[PDB]
Amino acid sequence: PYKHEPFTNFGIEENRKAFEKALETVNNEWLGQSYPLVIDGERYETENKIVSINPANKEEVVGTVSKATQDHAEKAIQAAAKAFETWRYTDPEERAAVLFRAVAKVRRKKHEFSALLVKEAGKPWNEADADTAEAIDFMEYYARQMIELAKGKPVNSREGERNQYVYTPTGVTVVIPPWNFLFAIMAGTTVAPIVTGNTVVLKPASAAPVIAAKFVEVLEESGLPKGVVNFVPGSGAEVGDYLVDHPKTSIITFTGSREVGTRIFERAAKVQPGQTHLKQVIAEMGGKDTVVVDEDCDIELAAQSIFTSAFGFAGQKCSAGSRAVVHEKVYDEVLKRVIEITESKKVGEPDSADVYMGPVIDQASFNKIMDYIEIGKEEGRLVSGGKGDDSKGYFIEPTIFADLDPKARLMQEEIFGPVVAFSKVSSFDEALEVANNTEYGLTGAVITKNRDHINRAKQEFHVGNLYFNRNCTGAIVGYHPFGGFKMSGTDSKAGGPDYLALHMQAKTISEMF
C-alpha cells in the first residue's frame, strides 16, 4: 500500500513561508549543539572532536561531534553483537513499527530536517526537501517490505510433510554512508538492516555527522533497544578499517568512493582468526554517468536533461551525469543551449528557494575539483565556469568542458563536483561505444526520437539505471531501484523489491509427520 512522499512545491507562497520559518528555527536552536558517541545506550564524550561547519559560511559551526577510537569501535561491535542475540527474535511487525513511528517523527519535523541539510551540507531548498522526502520513503518502503518478507516464499510439499522457506536475520552490520545524500541514503542503509533484525554500528561520514546523530536519537525514541544502533563517527584510518576487520562483523553496507569500496571489499573477505562466517558486502561505489544525445531528438529536452544531471546538488551525486556524449549533427546547438541554462542559474548560500546551486562540502573536496578543472583545460575546451573561491564558503561555478577524447581523465574518473564533459560522436553506434567505455555502470540517459535506438540501448547501454528522454538523476524508492554494475558496486537495488533479502539468510524448515 505504497506511494511516495510528495516534494514541497516551492512556487506556492504558503509553502515558501513555512520553510523560511523552519530555517530560522534551525539557525537559532538546532545549531551549535554537542553530540556524543552512542554505544549500548550509553553516551560517550571525547576531548578530541569533529567540527561540522556550514560549507556556505566556513566559520558557522553547525555542531561538534565526539570522535571515536578503536576502543570505542570495539565496544560498539560487542554492543551490537550482544544486542543481536535478542533483537533477532523480535516480531517483524515490531521492527517495522520502529520505522513507522520514526517516519512520523521525521514527517512532523520535515522542513527543519530539510533546513539542517541546508545548513550542514550546503543543500539548496529543493534538494534538501527531496533528501528528506526520500529518507521518509526508504523507511516507509522498507517497513512494508519486511511485512511482506515475513510471509515467506512458497515451496512444494510432498504428501506427509510441511515445507517452509523463510528469512532469518544475519549479524552485526557496519554502516558506512556518504556525505552527499546525507539523510536518505544514511536513513535507508541504517533502517534496512535494523528492520530485517540485524544490529547496526553506524559510522557516518565525518564531513556530516549532526544529521546522523539527530537520526540515531529519532530511532531511540522509536523503540530501539540499547545496542541495536550504535553511533561511532571517526577516522576511516583508525575506526573504519577496525570495523570492517572485526571477526563479529557480518555485513558491511557501504556507499561512497570506488577507492574506499575496493579496500572494503578486499578486506572483508579475509576470514580472521576466530571468525565463524563469511562477510557480505553491499557496496554502491559511485559512477561516471552518461547522457547520450542522438541525432534526432527534442533539443530543449536534451539540454534540460544534461543540465539537471550535471548540476543537481552541485554535481556531488553518485548518479551525476558528468558526461555529455552528443551527436555531431546537434553538437554545437545542444552545447549552446546547455551553456545558456547553466549560467542563467544562481550560485550562492541557500538562504532562498531560487538558489539553484550551493557550495561543495569541504576544503579537500574544493581542492580536488579545482585540481580537476586544471586537467580539463589541458584535455578540452573551457566554455563555462572554471572559477572558484573558498574565502567565505567552498564555492565553485558550474563548469562545462567541450571537445573531449572519450579516453580523457575527465571522461573517466569520478569528480563529484559541478563539472560536465562534452564529447562529439558521429553515429548512434559510436555513442553507445563511448557510453560503455568507463569502469562504471551506474546511470545513463538517452535522448532520442528513434524507436530502434531506444530498444537497442535497453539491451546495449550497460548501466544499472537506464533512462530515456529525461535526466539520469531520478532514483525514487519503489519507482526506480538504484544500484550499478562494474565498478559502481554490487548492484544492490536500493528502494526496490530485492534489497531486504540481501540482509537476510534463507532458512528451510521441513516437518515429516
# chains A, B, ... in the order shown; residues from 1 in each chain; ligands from 1
$ residues_around --residues "residue 221 in chain A" --least-positions-apart "4" --cutoff "10 Å" --atoms "only C-alpha atoms" --output "ChimeraX atom specification"
/A:98,101-102,105,215-217,225
$ write_last_selection --atoms "N, CA, C and O atoms" --output "PDB file, in the first residue's frame"
ATOM      1  N   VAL A  98       8.982   0.346  14.568  1.00  0.00           N
ATOM      2  CA  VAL A  98      10.056   1.309  14.907  1.00  0.00           C
ATOM      3  C   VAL A  98      10.296   2.285  13.760  1.00  0.00           C
ATOM      4  O   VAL A  98      10.475   3.473  13.981  1.00  0.00           O
ATOM      5  N   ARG A 101       6.892   4.812  13.229  1.00  0.00           N
ATOM      6  CA  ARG A 101       6.883   5.992  14.078  1.00  0.00           C
ATOM      7  C   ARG A 101       8.137   6.871  13.921  1.00  0.00           C
ATOM      8  O   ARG A 101       8.095   8.054  14.271  1.00  0.00           O
ATOM      9  N   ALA A 102       9.231   6.313  13.385  1.00  0.00           N
ATOM     10  CA  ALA A 102      10.404   7.133  13.043  1.00  0.00           C
ATOM     11  C   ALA A 102      10.143   7.965  11.791  1.00  0.00           C
ATOM     12  O   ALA A 102      10.635   9.087  11.692  1.00  0.00           O
ATOM     13  N   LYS A 105       7.918  10.893  13.091  1.00  0.00           N
ATOM     14  CA  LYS A 105       8.756  11.924  13.704  1.00  0.00           C
ATOM     15  C   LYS A 105       9.458  12.805  12.666  1.00  0.00           C
ATOM     16  O   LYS A 105       9.609  14.014  12.872  1.00  0.00           O
ATOM     17  N   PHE A 215      19.373  11.623  13.790  1.00  0.00           N
ATOM     18  CA  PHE A 215      18.626  10.461  13.330  1.00  0.00           C
ATOM     19  C   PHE A 215      18.694   9.262  14.267  1.00  0.00           C
ATOM     20  O   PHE A 215      17.684   8.596  14.486  1.00  0.00           O
ATOM     21  N   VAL A 216      19.885   8.987  14.805  1.00  0.00           N
ATOM     22  CA  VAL A 216      20.068   7.957  15.825  1.00  0.00           C
ATOM     23  C   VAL A 216      19.139   8.197  17.009  1.00  0.00           C
ATOM     24  O   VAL A 216      18.455   7.270  17.449  1.00  0.00           O
ATOM     25  N   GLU A 217      19.105   9.439  17.501  1.00  0.00           N
ATOM     26  CA  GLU A 217      18.153   9.863  18.540  1.00  0.00           C
ATOM     27  C   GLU A 217      16.693   9.541  18.189  1.00  0.00           C
ATOM     28  O   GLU A 217      15.938   9.062  19.038  1.00  0.00           O
ATOM     29  N   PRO A 225      15.983  -0.945  21.292  1.00  0.00           N
ATOM     30  CA  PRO A 225      16.746  -1.306  22.482  1.00  0.00           C
ATOM     31  C   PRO A 225      18.215  -0.934  22.329  1.00  0.00           C
ATOM     32  O   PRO A 225      18.727  -0.861  21.209  1.00  0.00           O
TER      33      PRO A 225
END
$ select_by_dssp --residues "range 81-210 of chain A" --states "strand (DSSP E or B)" --output "count of residues only"
19
$ closest_residue --among "A:332, A:498, A:127, A:298" --to "residue 10 in chain A" --atoms "only C-alpha atoms"
A:127
$ closest_atom_pairs --of "range 18-72 of chain A" --to "range 205-213 of chain A" --cutoff "8 Å" --atoms "only C-alpha atoms" --output "Markdown table"
| residue | atom | partner | partner_atom | distance |
| --- | --- | --- | --- | --- |
| A:35 | CA | A:213 | CA | 6.8 |
| A:50 | CA | A:206 | CA | 7.0 |
| A:52 | CA | A:208 | CA | 6.4 |
| A:62 | CA | A:210 | CA | 7.7 |
| A:63 | CA | A:210 | CA | 6.4 |
| A:64 | CA | A:210 | CA | 7.9 |
| A:65 | CA | A:209 | CA | 6.9 |
$ closest_residue --among "A:362, A:226, A:351, A:422" --to "residue 86 in chain A" --atoms "only C-alpha atoms"
A:226
$ atom_distance --atom1 "CA of residue 73 in chain A" --atom2 "CA of residue 245 in chain A"
11.2 Å
$ residues_around --residues "residue 335 in chain A" --least-positions-apart "5" --cutoff "9 Å" --atoms "only C-alpha atoms" --output "MDAnalysis selection string"
chainID A and resid 303 326 330 340 402 422
$ residues_around --residues "residue 41 in chain A" --least-positions-apart "5" --cutoff "10 Å" --atoms "only C-alpha atoms" --output "list in words"
residues 79, 220, 224, 225, 226, 227, 228, 229, 230 and 231 of chain A
$ decode --residues "range 112-124 of chain A" --atoms "N, CA and C atoms" --output "compact mmCIF listing (two decimals), in the first residue's frame"
# COMPACT_ATOMS: atom_id res chain seq x y z
N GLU A 112 12.35 21.26 9.02
CA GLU A 112 13.52 21.54 9.86
C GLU A 112 14.63 20.50 9.73
N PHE A 113 14.27 19.27 9.38
CA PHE A 113 15.28 18.31 8.95
C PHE A 113 15.89 18.78 7.64
N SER A 114 15.02 19.18 6.70
CA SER A 114 15.45 19.78 5.43
C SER A 114 16.35 20.99 5.64
N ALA A 115 15.96 21.87 6.57
CA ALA A 115 16.72 23.07 6.89
C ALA A 115 18.09 22.78 7.51
N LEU A 116 18.23 21.63 8.16
CA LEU A 116 19.50 21.21 8.73
C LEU A 116 20.47 20.72 7.65
N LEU A 117 19.93 20.05 6.63
CA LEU A 117 20.70 19.63 5.45
C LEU A 117 21.20 20.86 4.68
N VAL A 118 20.33 21.87 4.58
CA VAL A 118 20.70 23.18 4.04
C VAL A 118 21.93 23.72 4.76
N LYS A 119 21.89 23.68 6.09
CA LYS A 119 22.96 24.20 6.93
C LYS A 119 24.22 23.34 6.92
N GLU A 120 24.05 22.03 7.14
CA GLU A 120 25.19 21.12 7.27
C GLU A 120 25.86 20.77 5.95
N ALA A 121 25.06 20.60 4.90
CA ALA A 121 25.58 20.08 3.63
C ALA A 121 25.62 21.11 2.51
N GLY A 122 25.05 22.29 2.76
CA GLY A 122 25.03 23.36 1.76
C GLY A 122 24.02 23.09 0.67
N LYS A 123 22.95 22.40 1.05
CA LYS A 123 21.98 21.91 0.10
C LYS A 123 20.98 23.01 -0.23
N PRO A 124 20.74 23.26 -1.53
CA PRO A 124 19.62 24.10 -1.99
C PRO A 124 18.27 23.58 -1.47
